[PDB]
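A.B. asks: enclosed are the sequence and the experimentally obtained structure.
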Amino acid sequence: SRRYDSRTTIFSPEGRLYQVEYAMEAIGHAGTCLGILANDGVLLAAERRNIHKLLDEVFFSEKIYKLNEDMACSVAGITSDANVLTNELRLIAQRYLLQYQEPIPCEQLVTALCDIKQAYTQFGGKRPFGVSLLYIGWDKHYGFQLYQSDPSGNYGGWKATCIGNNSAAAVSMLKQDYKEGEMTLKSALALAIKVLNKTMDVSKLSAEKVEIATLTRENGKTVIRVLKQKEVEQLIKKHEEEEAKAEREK
Amino acid sequence: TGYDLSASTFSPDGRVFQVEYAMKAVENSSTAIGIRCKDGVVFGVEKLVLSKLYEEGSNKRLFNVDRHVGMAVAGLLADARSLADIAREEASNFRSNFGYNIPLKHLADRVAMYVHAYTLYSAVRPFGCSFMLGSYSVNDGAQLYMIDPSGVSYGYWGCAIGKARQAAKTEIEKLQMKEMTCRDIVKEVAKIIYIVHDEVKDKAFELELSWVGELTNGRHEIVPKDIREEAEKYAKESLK
Amino acid sequence: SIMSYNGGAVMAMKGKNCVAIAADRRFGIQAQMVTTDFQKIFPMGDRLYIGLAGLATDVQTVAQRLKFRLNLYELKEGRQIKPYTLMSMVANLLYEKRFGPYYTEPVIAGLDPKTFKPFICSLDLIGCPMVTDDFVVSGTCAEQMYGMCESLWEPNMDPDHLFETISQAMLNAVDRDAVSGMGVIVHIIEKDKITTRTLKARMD
Amino acid sequence: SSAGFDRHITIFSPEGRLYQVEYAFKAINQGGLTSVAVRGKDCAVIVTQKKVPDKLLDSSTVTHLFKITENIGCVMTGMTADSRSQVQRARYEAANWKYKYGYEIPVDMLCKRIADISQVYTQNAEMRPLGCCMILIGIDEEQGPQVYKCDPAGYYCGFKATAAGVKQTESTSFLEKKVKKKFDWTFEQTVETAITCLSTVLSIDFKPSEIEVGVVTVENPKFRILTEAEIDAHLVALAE
Amino acid sequence: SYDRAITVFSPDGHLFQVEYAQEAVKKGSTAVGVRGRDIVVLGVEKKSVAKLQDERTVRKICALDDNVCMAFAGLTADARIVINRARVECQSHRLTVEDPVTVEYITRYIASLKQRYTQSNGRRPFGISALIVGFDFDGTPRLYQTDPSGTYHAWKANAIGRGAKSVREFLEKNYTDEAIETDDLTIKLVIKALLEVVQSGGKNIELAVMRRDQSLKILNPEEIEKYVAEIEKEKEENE
Amino acid sequence: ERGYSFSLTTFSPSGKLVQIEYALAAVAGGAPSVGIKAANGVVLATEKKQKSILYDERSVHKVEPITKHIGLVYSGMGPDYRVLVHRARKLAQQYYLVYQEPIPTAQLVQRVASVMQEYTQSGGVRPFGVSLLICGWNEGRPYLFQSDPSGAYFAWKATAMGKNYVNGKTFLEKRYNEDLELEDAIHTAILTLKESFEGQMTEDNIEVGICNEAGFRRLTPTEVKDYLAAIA
Amino acid sequence: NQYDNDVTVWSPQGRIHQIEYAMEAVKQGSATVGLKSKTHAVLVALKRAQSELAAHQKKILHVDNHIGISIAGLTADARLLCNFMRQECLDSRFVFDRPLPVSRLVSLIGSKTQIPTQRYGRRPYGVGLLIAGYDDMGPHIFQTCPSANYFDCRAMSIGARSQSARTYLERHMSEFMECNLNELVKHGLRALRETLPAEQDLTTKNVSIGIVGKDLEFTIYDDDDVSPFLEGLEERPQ
Amino acid sequence: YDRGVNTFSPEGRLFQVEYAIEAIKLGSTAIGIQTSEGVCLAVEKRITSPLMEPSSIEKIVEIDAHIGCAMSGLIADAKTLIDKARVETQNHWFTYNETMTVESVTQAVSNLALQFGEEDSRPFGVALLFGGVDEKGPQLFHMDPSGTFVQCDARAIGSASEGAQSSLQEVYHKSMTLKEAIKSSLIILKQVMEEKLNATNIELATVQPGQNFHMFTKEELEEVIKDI
């Protein structure tokens, strides 16, 4: 009756939160996602989990979800909890276009989701979302952007982003090797294959363990390029020369 | 034990103790018996005076459900009052939807399913009552029913509810009830109440006798025992 | 009538490997025009359009609700929509307002997304679909458009003669109508490209 | 392995078990009863004893054979109060088939819809899962007679010889030893095996007034309860 | 007597879960605020940018209407709902009554929203504390504060966040009976009070003023760097 | 009822959901099954043993169709299986009334997994104990998916569910390849079902359904006797 | 003690303890005494002071022109049942245009207080109603209880130390049917003075008397008209 | 959990209602005295900071133009009580063209104080003192979170309410005057508070028959303190 009470909503005696601190720990035990700005683009990179040789991968996108027309999102956390969000997130951006006949400007989409994600920590004893996820896009007012969702509902606009206990050490590389102002795509693509070489501890960086999607503003279209496996190979072979140069300065 | 809080849980051997607990709360209630003759049903209730300020016919346990149906409750009295209003209300819908009097075999089914629903959920408890149902008709004869707190309901020829449930039907069964008239039954009910526990651990009691059958023309009402007083004139002759 | 409150005319016609669609340009209340650039043909993906005619409220309203349901469809499925699937989608949207109906009559024209196969259909104001093989028309000046298309249509036509047939059909039928005119726009689409032309019509 | 509240409500334990439903499987066994169903021929036979421990208790208001529809009859084991409410849903939803669909419900389709009601009590919590069991019989056109059996877990199946109650493991061992040879079933062989299997498991060699026989046959497809006289006719016929 | 429900009282008459909400406010960044003669001022501390993010989305001071401001504490998730709700009320008040919204009206709304949100079980109370500053009510500069219990309340100088007891003790010996006119003096009072920061980095101060007739004025970190220079310069002359 | 509506599942301090990992234990303690995507069709096969010689085998079916080109098997507990089957039937017709077109197999698993999602997060109910294998040949290429009581789903070439699935994990990895025919796939599906069966495999101990491009079909015991007629 | 938490939970002895505890809440209030003649039903209650200068809290309260009730127990459930009581009386005036029979009004109260004694989420009503009335068959004195067992009686006293009033009434209940209006009242307030410690006296400011009669509307007297009743008494037999 | 929102004692009252009486004890003190000339009233502010504005702390509110109020215990729940108490006197004027009497105000106020639970929450933590001049002269009442509503002649609540009520019974008699009773009240105030009794710690409220309006004193209170 009353004695089956789950907590989900109760402060600490010191003042911290009970479930929200626990839900952010599961995201460290998940895949790896990141992104970086450019002067003329933005990209995403993902780590493949469960790369066993009896699967199909016929969706052509597993971590990436092209959501409006010019925005996509990565995902990290509980996979089954994430399908509730993305079907909701696609419908927020679409009911906006019915209302104003202009695309959603890439911030108030995020606040529309983050107020839903917050509301399970408030009223109604329920389980919060154990999903953090990224954002890429383009608008009229600011251009290329990155955002960072949290289970608490907090968000921030970044220029290089993070997944935690999996890959918190990548940001230490990102604070070391991200130059400000000039950040173009081939400089950014060569950066990301170096970062995932460190964090994803697969030796020699098998090309089927990664996934890269980019976004470029092109002639008034904002194409979303989910690049195929043939050019992941030459991206690795570009990084293969950087090993040979790394010993010349000894 | 440690499995017996809710009525929605099973024991590790497969029963529900909340139903088991509520049955033996009826056991502490005073004895009320019932018996049917070949042309009617006669009720009888041993009812004890609280102190002295009872006013001679207050809070009676002989109810009157329909034109021809009444109850002989025992247990928690206030719980039986609400349960009697279910049976009063149930017969009115059968009258309004079908245009004739409720059969007693169908009336006991509608009540016992309603008693059954309080034995399932954790939000409510089982009833702490058990009772009798007697009626008479010319197309059906007389019937006598019996409903426990679990909801099991079927028919008897004689029954007893209270402390002396076993000690009363030990001497109900030595009667040739298949051929007696119910006017002969009324003086025979009087001794069975009066045999068991007049004033041994209690102080005083008072007798109540309900009465339905062919002599009442299908009506159900209390006996005229203010008329002729023949119960106590004949039950008290068993002193020797 | 309510259909005669603003006028309008939408025509589609099937060719050999191509399909053409045309409409007028006039927007106006019952007798007074307002503007000559009112859109009545809306793109729904590539090589697949739709035309609307009737009450100008429900023209703009249905075209926004249908675009709402299309973009949710093309994201749960990576493929684009088939022309039969759109016709079943529109007829569902109209029949939901069975007793409060939208006052419009759509016309759908387009090619197959995989093969080259053309497709034309039109619907009623409550959603009775109707596929043909030659032409469909809708609007106030319906009977004028039947008289032109029954005489000028040929079975297998190149995109040159398909353009000239639907031009002569729309120019002669609309000039006989009073509440339709002020310019005619023509979309002719095919497997390789999409051609949009506007014709020299009577502006009276 | 008590973890959380797995011994109390319907949640998963470690090792995938859940205990409240498998507590209900031996919630039948507090009835103290055994029922036997046999399909052998163009007929189908139910047999179940009654137990009358009181002379005051009636004889007609005891029988567990319940007429669902004119062509479908059933027998109930387990506790009585949960059993009769289960029959209320079976009588109710069989008539909804006739109203919605315009013909008579199959015996196969009815046992599904009963088992799906037992599913939600298993699936949802704070709802007690009805510790009783039901066995059906009936004639299906172009299919012959059938016997079905529904669990409190919502698991149903249909099979030839059925035992339910206390003594499944002794009776079903005897029925496989009997039905392994395809002997001729001529509607007296069906009753004779239905009686003598129960007569050896319980070891009684009973008087004609303890059991009942429900029956359906393709010569009179109505459900039919046998009379005390003709039960004795089959009983002295096997008296060799 | 326990501490895991909100409808329960203690044996000495307390609501500990409301009291545990006020502890979560103390883990927030500090913000101060005074009213002046004509120009009001408030400021936040502890920016701490992390070298790789945009900083227009870490906004901690906002405006509800065209003449009223807002500064909060606590956790930033619950602050967004209260701010977004109060924008609707100060807008819908203008519809039903054609006046602009007074500063006293909008703080009763926030406190009453936080009032009824405390009473029912299963509704975790808002762990924020707000500061509402606006010289709106007909040339009269006022500043208020809130509390997670739901007690709107007026101060004349305020401090919240992690270590407000040091600043509130500092302001009592600093706010003179002389009402500081010449409004750059009042900003210098805020800049000196914020100079008693937990680390006092000097560049981690974001101040916002309002001259009672303009819109909101975010100061820039070159004018704000000019005011931090004269603070140590006038302090050197005191020796 | 009272109207409580509190969920029974919360996070551990380690960050795991405990009850969903318990429900997967009930899946592994079920009857074994196997599914193999071949070049022309999909083969499903399960292992159906009655507990006695009394049980009829023409009454209950394991291989179950959804549409005329979509079938569905399981490995878990029998009674919870029949809920989502009847759920997925009504869900498939709602697609067909809107779009006038039979539902593709990828889109069906999108919606069925959202149903199994809803019993985890909502109040007072437990999750399922049934994993699924869904098949079908829509638009030339055939498909084979698996869902679980967590609400997730995958896309397998060939997999096994039930008891001894780690043995069938290794055996199908050594036996299967890129392409076969349908008839080669049924041959290797019985050979991996013969890994954990009883002493005698008959026409009634197994139960096999296939997916031609002509549609879904489950096999009668005439063929399965003739297919297991000494073909391994 | 683990069975002692909810109204729903039966005990292993068959006694629900939450109903047993609401009986104890009736003994917290002061004592009150009701009785009747053939023609007059009089209920007399005892006020209790809160402080030395605060007013005394009232007990007897008017319901209808032929029904008035006394009170013992929680003042929360007092006005809660009173508002239900007054509503039912004017409905029979509105619909049937007759006053209610007093007996079938009390059966509505037992149906009212039954439901919160069985469903979870609501406590029983801790209250001690004594009811006086006039239907067509004369005066009535009724009592209720939080266990919803309403009793017809000819004299009754409930509240704190109310047993000493009951022992007075048993040895004088034969005298009650014949006396007039006057000494029937001071038969009744001879019973309250044994529910008092022997050092203080039944004054004017601490007692209320309500009378409903066969030709008399229900009238509440207090603090000034009690003095025609308090005259003609003896002292306590010490 | 530990005798929750709806559960009896083995002996007596609900403990949650019992614990609600204890929450008043941490409140600020207040004294109201009824006199045949009119009802006076006093309270202590308990101001913490000099930066803290003094007049933002209200204790005496204006229910109606002839009904005052005073509160203690929790500040936050008392704003719920004052809101509908102002409304329901105004509803009575709307349908009867007369002023609601002081007793019949608190009947409607006490109807909402006893509604806690899951029926269609916790009890309140605030006691009240109502002063007013109706047609029966001046009146003074008191309520509590238990809803035990009663009339008093001169009541003191809040912290140190026990020591105030003991000292109050010495100075009171039946033939007081209003100018006497005000300075008789504040002597009791400075004996139970600890700060210096000045014009910033306390405030007064007096209602009269001929002076129905102006239930207030404003820096004439400075004259009263220097005369004691």
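C.D. replies: Done, it's in. Numbers count the residues shown, from 1 in each chain, chains lettered A, B, ... in the order given.
A.B. asks: quick one: the strands in chain F?
C.D. replies: F:33-37, F:42-47, F:64-67, F:70-75, F:131-137, F:142-147, F:153-155, F:158-161, F:206-212, F:215-218 (DSSP state E).
A.B. asks: name the nearest residue to residue 85, ignoring sequence neighbours.
C.D. replies: Just going to use chain A. Leaving aside its chain neighbours, residue A:85 sits nearest to residue A:131 (6.2 Å; criterion: CB to CB, 6 or more residues apart in numbering or on different chains). Bear in mind the C-beta positions are built from the backbone N, C-alpha and C, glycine included.
A.B. asks: wrong chain, I was asking about chain D
C.D. replies: That would be residue B:116: by CB to CB, 6+ apart, it lies 5.5 Å from residue D:85.
A.B. asks: and the gap between that neighbour and residue E:22?
C.D. replies: 52 Å (CB to CB, to the nearest Å).
A.B. asks: now do the SS call for the residue nearest to the spatial centre of chain D.
C.D. replies: Nearest to the geometric centre of chain D sits residue D:135, at 2.6 Å (CA atoms, centre = their mean). Under DSSP: H, G, I helix; E, B strand; the rest coil, residue D:135 falls in the strand class.
A.B. asks: which residues sit in contact with it?
C.D. replies: Counting by CB atoms under 8 Å, 6 or more residues apart in numbering or on different chains, residue D:135 touches D:35, D:37, D:46, D:74-75, D:77, D:147-149, D:162, D:164.
A.B. asks: separate out the buried members of these.
C.D. replies: D:35, D:37, D:46, D:74-75, D:77, D:147-149, D:162, D:164 (16 or more other CB atoms under 10 Å in any protein chain shown).
A.B. asks: in JSON lines: those residues, plus distance to residue B:164 and secondary structure.
C.D. replies: Output for the buried ones among the contacts of residue D:135, formatted as JSON lines (distance: CB to CB, whole Å; DSSP: H, G, I helix; E, B strand; the rest coil):
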{"residue": "D:35", "distance to residue B:164": "35", "secondary structure": "strand"}
{"residue": "D:37", "distance to residue B:164": "42", "secondary structure": "strand"}
{"residue": "D:46", "distance to residue B:164": "39", "secondary structure": "strand"}
{"residue": "D:74", "distance to residue B:164": "38", "secondary structure": "strand"}
{"residue": "D:75", "distance to residue B:164": "36", "secondary structure": "strand"}
{"residue": "D:77", "distance to residue B:164": "33", "secondary structure": "strand"}
{"residue": "D:147", "distance to residue B:164": "46", "secondary structure": "strand"}
{"residue": "D:148", "distance to residue B:164": "46", "secondary structure": "strand"}
{"residue": "D:149", "distance to residue B:164": "43", "secondary structure": "strand"}
{"residue": "D:162", "distance to residue B:164": "43", "secondary structure": "strand"}
{"residue": "D:164", "distance to residue B:164": "37", "secondary structure": "strand"}
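A.B. asks: please save the CA atoms from stretch B:47-54 in PDB.
C.D. replies: Output in PDB follows, covering the C-alpha atoms of stretch B:47-54 (Å, rounded to 0.1, in the frame of the first residue of the first chain):
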ATOM      1  CA  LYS B  47     -29.500 -11.400  21.800                       C
ATOM      2  CA  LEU B  48     -28.000 -10.100  25.000                       C
ATOM      3  CA  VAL B  49     -28.800  -6.900  26.900                       C
ATOM      4  CA  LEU B  50     -25.900  -4.500  26.900                       C
ATOM      5  CA  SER B  51     -26.400  -3.000  30.400                       C
ATOM      6  CA  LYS B  52     -29.900  -1.900  31.300                       C
ATOM      7  CA  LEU B  53     -30.400   1.200  29.200                       C
ATOM      8  CA  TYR B  54     -31.200  -0.800  26.000                       C
END
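A.B. asks: for the residue nearest to residue A:85, give me phi and psi.
C.D. replies: Per-residue torsions, residue A:131: phi -130, psi 120 (degrees, to the nearest 10).
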